[PDB]
Amino acid sequence: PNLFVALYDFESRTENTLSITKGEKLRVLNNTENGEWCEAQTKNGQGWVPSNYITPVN
Ligand code: NA
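The opening position of the sequence shown corresponds to residue 745 in our numbering, with each subsequent residue numbered one higher.
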């Protein structure tokens with residue numbers, strides 16, 4: 745399973761991050777060893793977001 749929803753709006757100016765809106769669904773494509781960031785896919789493309797800003801959806 746790799747479906748999640750954003751807990752909060754997240755928007756960074758940092759290159760290679762993805763902006764997400766609270767309530768938006770996303771899928772996780774890649775993780776990191778420490779689990780703090782993950783590469784997400786939404787209708788707006790792909791990029792990295794903080795893992796603590798998302799939560800799974802069955
Ligand atoms: Na995090």
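Beta carbons: idealized from backbone N, C-alpha and C, even for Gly.
Collapsed DSSP secondary structure at residue i in the structure displayed
i    : result
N746 : coil
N774 : strand
Residue i: CB within 7 Å of a non-hydrogen atom of the ligand NA
i    : result
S795 : yes
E780 : yes
Extent of the continuous beta strand (DSSP E) to which residue i belongs
i    : result
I798 : 798-800
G767 : Premise fails: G767 is in no beta strand (DSSP E) and is neither H nor E.
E755 : It is not in any beta strand (DSSP E) - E755 carries neither H nor E in the DSSP assignment.
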